[PDB]
Amino acid sequence: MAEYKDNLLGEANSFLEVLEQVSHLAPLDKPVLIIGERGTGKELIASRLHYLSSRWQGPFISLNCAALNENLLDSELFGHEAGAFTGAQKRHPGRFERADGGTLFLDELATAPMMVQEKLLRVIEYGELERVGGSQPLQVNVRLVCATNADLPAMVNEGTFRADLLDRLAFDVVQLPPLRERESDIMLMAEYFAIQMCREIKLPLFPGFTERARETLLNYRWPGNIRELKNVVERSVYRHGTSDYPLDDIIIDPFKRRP
Amino acid sequence: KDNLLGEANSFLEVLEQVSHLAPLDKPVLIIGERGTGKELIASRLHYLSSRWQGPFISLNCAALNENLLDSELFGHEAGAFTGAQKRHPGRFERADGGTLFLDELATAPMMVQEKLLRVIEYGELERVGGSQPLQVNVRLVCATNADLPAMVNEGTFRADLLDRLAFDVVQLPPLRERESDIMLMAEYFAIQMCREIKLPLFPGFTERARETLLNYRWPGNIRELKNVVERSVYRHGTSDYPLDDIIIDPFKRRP
Amino acid sequence: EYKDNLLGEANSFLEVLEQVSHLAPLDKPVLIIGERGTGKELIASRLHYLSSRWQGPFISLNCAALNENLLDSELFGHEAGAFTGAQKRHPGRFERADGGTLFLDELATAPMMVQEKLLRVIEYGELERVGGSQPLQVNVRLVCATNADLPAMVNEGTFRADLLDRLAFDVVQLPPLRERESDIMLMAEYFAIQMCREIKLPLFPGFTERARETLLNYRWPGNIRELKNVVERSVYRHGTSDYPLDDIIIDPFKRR
Amino acid sequence: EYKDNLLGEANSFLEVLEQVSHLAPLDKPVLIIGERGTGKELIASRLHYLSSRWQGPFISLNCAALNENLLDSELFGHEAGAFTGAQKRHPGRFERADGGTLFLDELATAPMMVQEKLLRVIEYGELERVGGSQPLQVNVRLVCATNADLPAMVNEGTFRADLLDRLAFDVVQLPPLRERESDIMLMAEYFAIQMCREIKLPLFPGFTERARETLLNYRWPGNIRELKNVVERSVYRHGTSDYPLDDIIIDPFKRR
Amino acid sequence: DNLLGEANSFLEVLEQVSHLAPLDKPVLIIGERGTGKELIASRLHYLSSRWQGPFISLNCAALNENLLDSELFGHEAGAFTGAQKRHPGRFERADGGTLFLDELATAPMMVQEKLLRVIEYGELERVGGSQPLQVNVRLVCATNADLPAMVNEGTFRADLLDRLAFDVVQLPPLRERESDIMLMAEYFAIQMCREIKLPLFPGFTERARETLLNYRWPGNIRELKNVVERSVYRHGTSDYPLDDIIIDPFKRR
Amino acid sequence: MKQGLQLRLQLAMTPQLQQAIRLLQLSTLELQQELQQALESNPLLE
Ligand SMILES: Nc1ncnc2c1ncn2[C@@H]1O[C@H](COP(=O)(O)OP(=O)(O)O)[C@@H](O)[C@H]1O
Ligand SMILES: Nc1ncnc2c1ncn2[C@@H]1O[C@H](COP(=O)(O)OP(=O)(O)O)[C@@H](O)[C@H]1O
Ligand SMILES: Nc1ncnc2c1ncn2[C@@H]1O[C@H](COP(=O)(O)OP(=O)(O)O)[C@@H](O)[C@H]1O
Ligand SMILES: Nc1ncnc2c1ncn2[C@@H]1O[C@H](COP(=O)(O)OP(=O)(O)O)[C@@H](O)[C@H]1O
Ligand SMILES: [Mg+2]
Ligand SMILES: [Mg+2]
Ligand SMILES: [Mg+2]
């Protein structure tokens, strides 16, 4: 029950209202699934919910699906208490077991194991989990947290997600105001990042920027919603590296061949 | 033993059907377009049977992992690798007469079937190198949220797998079919949600919402009813005004 | 200082270097659009000896040869005795990262899963592949480098938006092999001298200007030490640098 | 004297010998354009006895008859307290040879991942020993030969073309069976003396112009192992040193 | 043994084979589906001064290469580390005589290499506690069926191929001799009859004999045996001379 | 490949060398005290 607003910045679009609805959700602990641009408000939203998780709620058990190799992903999945799986020793409790009450920080990675998918379905089954050789089921608890970045209904029509992947998933949806869409705190969060950037640069004075830069900023797509711009901003800071020295351009697409 | 019954002649019909199946312990599998409380179904069945005193505790079949089906069928091995030495017995034996819903059957694997079937059709507890097999006549039944006869057309399973169920697979009506007490059913879902939302009470929804409930495709049949119910609740969070709108396609993005 | 070796008289080599210098205190990612047999490694060195934490770790582990899918999980970690057959994670790379940066070669092949796992690293970086161990972060910076066509990857979708973005913070185009022609003559003689010395070849053959012209004709896209490789070839062509230099070897497959 | 195994009186063989003499002390990487059967494992141990360290030996055994795990898991060996399944500090045969020379074989069989690892070693030389540790280097020559056209294989895009150069100090061809023609008469005589000694056949009973023509027509698929093996089959056909050699078992595996 | 080498190319072939038998040169042989290679090898071994020599015939497929040499070598360990004495040793087991290799054609190259040149010195034949030493067993492998293109398929270790014997055991089909047919046939028949404890060889009608005379009989001696057996149970009685050339228990008929 | 632990690789212990190590870890003053208290019955042990 505190601020912990952190660098949650640039919500002058209805992403403010997005946050508001997020708040409306925040008390309830039921399954969380969202949607939006990767590396862009998204995991920041994750932090947002992690704050929405009571500070005393528990371990923000981060779930990063692009990992897990192939198999004993299963181990930490169902668990591993027996021998011959995870160095034996104690019942190794999986990251799934690691969360007891914690965040099911489900990441929408679109990796191949719908095998995994069914597993997590049983992960979201009755509040329960059972290890490798896991001689007994154990009725488990954890906060549940997913999000998205692509057309889940299409993949359903594409069959790509387990139908029940979504069926069990997403009590409701939560999207993001795209960089082609949000477009409101442009100069605002622009300056915020710039402040951080100069401060790290310890740049003696805020360069300032010409309006041609902001005109481009409106013109820019910013496909990566939050960071790509932010990276661009820091990049302007670098490619300039001058204090009080007003900008007139920005650095984003170094793939643009030099002149 | 008790759940959000579908309160319906098709539902009460499947009820009497399972009731005909009640003390019966012969093998089985489930029919059903989706699941419609697939777990809850087998679960109430479990709560009923002579395995009521028996272990009415399931196991998720096609969960399992590659190399260890031996143990999976038969619990932890004494002689598998050096570490363990105790012939910990079948998850089946962990019931061995209780009620252990063979769920996840559709997603199961090929040689995995090759063993589990043959054993179930015939095989006492022949574990890793053991002395003497013991038949754990464990209350037998599986399930199919999918179409096995289709799988037969595919031929993925054993025709023995076809033999597996000793019972005819009851099915529940599609949501498009069932759609029976969804008024009262949703009302209960809402009483639930308001309790979960700690909401004071429900004045109601639109009768337009009622018709949209009628005018509902309803794929996530047993889920989505109460699902989008409470979804409408929270996206509303409002009890003073009727749920004139309900949370239709969360997949849909509003304008 | 990278011995100041690999001299690029292309003042763009210098300009790159200046960008490097600006980047030197800087601590954020960077791509080096390298070349086939170019030598992004050596320049990355020249950077590291100049790193803001130049005293920091400087490891060269690329997953280009990631024959094992599990060589990854390792590189992401291992629980002590994870799986089994082992004692602890061989964490050397994870070691260099804390108190260091990240350097890789030819990031093209990465399992997309591996890649976005790296993604969950870069923004936050948990103790990973650790068999359920609690998270942990390596005070890790980064640097990137390849000869691949980034647009080709983008079409391939090879880098995710989160990936392509948060992965990338600077772009260092290695000049084309022939781009740095005056640099070519320069570092060419640099090698010529370096060879004549270390070979202890009693005399230095020098260089035939015709050989020089022929060498310049070598598009020689590979020149990393591929310059040095063809150089050793030519040295053997001379065999001994006592005589003045004319015997220049480029293509060694040829019998006779 | 290394017993002058395959004493090639051929001027091509003579020049091959002269050049092998030139560069075997050059304990450096080089390219053997060579194949099995044609000097199958013929020159390596000579150049090892000709290696800079005559005290230094020839481990080699880097034949690529191994497919997936064993090839590498013996290559680096592996770690002691960590592996797929063995607590063996397999130091790898790279550790094995101290002082002398070693060769990599069937190099075409290698994967690209192995290709980059090895070419790196050819550059890097330090290595963390598969499992991962403080890397360490050895100072010695590098040797390999492949029967294929790696210019095309890299044109086929299959291997460390970086290896295909850094090793490729000079692609060193050697004579095939089809290469040996006039000295083939002498080679027949020498293998015959060797066999008559070994087979306890009294001596060379004599050549048959008929057998001579039969062998001359024999296109000789294999080069050396074929020579000895067909000698064995034909001797078994004859089994005596009285009648002049005509029983030529050109196909010891001819049917019936 | 009843070779009945009535091909009589079988005869001179046996002449050369036993000629090699006293010699202990390595053995690599190609055998017909029904060649009775065992008998040939057995005859050579008894003909070898390893008449009494050890003759471990390695049906080389049942193992685990996860203990490949751990069989091929074995391990010596005793006392608190492990109960028993020590391993017999695969190279150690056949030591002093025939080293017969079977189940070789479709084998894992784990074995192929693990044996490859493994005896060229041989002094490295007992490890993991098993105590290394060199040995002398007449190396034998046989039943060769892989085409030379299998060596061109390379899966046949051409290293083993050069490591193979100086030539190959040529083998013809049962369609070839067609000679001791009635003979060894009756040999089998009476052999069964006694094994059947049967009354007596009722005989064979020439109709069966003719139907037989037309057969490639790939199963060679096995074909002979099996055909005899099928027709034998088919007669089910020994009253009159049988009449059926029992081809195959396949047709529903 | 698919890693883990797999079966591979008993008898009766005695405290013989164990009692010996008990002596060695014990100090040579009392260790000789036991050494005397040991060699007493061992008539062939001087
Ligand atoms: N207000 C902001 N200003 C500048 N950059 C931001 C801001 N918010 C987020 N970012 C950048 O967006 C990047 C990706 O964040 P995010 O989308 O949450 O990652 P994920 O893919 O894990 O969701 C981060 O690296 C961060 O630097
Ligand atoms: N008859 C029923 N009574 C009460 N709840 C039910 C009933 N049928 C289904 N459910 C609900 O459905 C959920 C189970 O979903 P299920 O149909 O098993 O998913 P799937 O179709 O993917 O197997 C449970 O949470 C349960 O509350
Ligand atoms: N500026 C330079 N100075 C010295 N050597 C270089 C330079 N650039 C490239 N090389 C040589 O190229 C060989 C491989 O170089 P390079 O291609 O940079 O590595 P990578 O293959 O990672 O790009 C290295 O061993 C190095 O000696
Ligand atoms: N001359 C023969 N005398 C007796 N039996 C024979 C004769 N030739 C073949 N057989 C029979 O044919 C079978 C051939 O077996 P085998 O040599 O193992 O075949 P393969 O070499 O294809 O494995 C033997 O079991 C044997 O009983
Ligand atoms: Mg994320
Ligand atoms: Mg389901
Ligand atoms: Mg490179």
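Definitions and cut-offs
- Residues numbered from 1 in each chain as written, not as in the entry; some residues may be left out.
- Chains lettered and ligands numbered in written order.
- Part of a larger assembly, values for the part shown.
- Heavy atoms only, no water.
- Residues with missing side-chain atoms left out of burial classes, pairs and counts.
- Helix = DSSP H or I, 4+ residues; strand = E, 2+ residues; numbered from the N terminus.
- Contact = heavy atoms within 4.5 Å.
- Nonpolar A, V, L, I, M, F, W, Y, C, P; charged D, E, K, R; others polar.
- Domains from an automatic or database assignment.
- Pairing = 2+ DSSP bridges.
- Right-handed = clockwise from strand over helix to strand, strands pointing away.
- Least-squares fit on C-alpha atoms.

**Focus on the overall build of chain F**
Right, on to step 1. The helix and strand inventory of chain F stands at 2 helices and 0 strands.
Right, on to step 2. Oriented by its inertia axes, the alpha-carbon framework of chain F measures out at about 60 × 25 × 10 Å.

**Brief notes about the overall build of chain E**
Right, on to step 1. Along chain E, the regular secondary structure elements total 11 helices and 4 strands.
Right, on to step 2. Expressed along its principal axes, the backbone C-alpha trace of chain E runs to roughly 70 × 45 × 40 Å.
Right, on to step 3. Long-range pairs, those at least 24 residues apart, make up 79% of the contacts in chain E between residues at least 6 apart in sequence.

**Here's the deal with the interface of chain D and chain C**
Right, on to step 1. Contact residues are listed per partner, giving 13 residues for chain D and 11 residues for chain C.
Right, on to step 2. At 3 residues, helix α5 (residues 112–123) of chain D tops the list of elements feeding residues into the side of chain D that touches chain C.
Right, on to step 3. When the residues that make up the side of chain D that touches chain C are grouped by side-chain class, the tally is 6 nonpolar, 4 polar and 3 charged.

**Points about the domain arrangement of chain E**
Residue and element names in this part refer to chain E.
Right, on to step 1. As assigned here, chain E comprises domain 1 (2–174) and domain 2 (175–253).
Right, on to step 2. Computed from C-alpha atoms alone, the centre-to-centre distance between domain 1 and domain 2 is 34 Å.
Right, on to step 3. In this complex, domain 1 contributes 8 residues to the contact, which on the side of domain 2 involves 14 residues.
Right, on to step 4. Taken together, the residues that form the side of domain 1 that touches domain 2 break down as 5 nonpolar, 1 polar and 2 charged.

**Focus: the pairing of strand β4 (residues 138–141) of chain E**
Residues and elements named next belong to chain E.
Right, on to step 1. As paired elements, strand β1 (residues 27–28) and β4 share 2 bridges and run parallel to each other. Pairing of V27 across the sheet is with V140, part of β4.
Right, on to step 2. Sheet topology places strand β3 (residues 98–102) next to β4; 4 bridges connect them, and they run parallel. Residue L99 lies in a different strand from β4, and its bridge partner there is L139.
Right, on to step 3. For the handedness criterion, the β-α-β arrangement of β3, helix α5 (residues 109–115) and β4 is classed as right-handed.

**Some details on the interface of chain A and chain B**
Reports often express the size of an interface as the amount of accessible area lost when the parts come together.
Right, on to step 1. On the chain B side, the residues contacting the 5 residues of chain A number 4 residues.
Right, on to step 2. Split by residue class, the side of chain A that touches chain B holds 4 nonpolar, no polar and 1 charged.

**Side note on the sheet that holds β3 of chain E**
Residues and elements named next belong to chain E.
Right, on to step 1. Within the open sheet, the 4 strands sit side by side as β1-β4-β3-β2. Their pairing is parallel. Among the strands making up the open sheet, the edge pair consists of β1 and β2 (55–59).
Right, on to step 2. Bridge analysis of β2 against β3 gives 5 bridges, and the strand direction is parallel. Bridged to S57 within β3 is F100.

**Notes on unusual backbone geometry**
Right, on to step 1. Despite not being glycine, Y4 of chain A shows a phi value in the positive range, around 45 degrees.
Right, on to step 2. With respect to the helices and strands, the residue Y4 of chain A is situated in the segment before α1 (15–25).
Right, on to step 3. Despite not being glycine, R256 of chain D has its phi angle at roughly 55 degrees, a positive value.
Right, on to step 4. Among the secondary structure elements, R256 of chain D is positioned in the segment after α10 (225–238).

**A look at the relation of the copies chain D and chain C**
Right, on to step 1. With an RMSD of 2.1 Å, the fit of chain D onto chain C corresponds to turning through 62 degrees and sliding 1.2 Å along the axis. Both chain copies can therefore be described as sitting about a six-fold axis. Looking at the rotation axis and the C-alpha trace of chain D, the residue lying nearest is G85 of chain D, at 4.7 Å.

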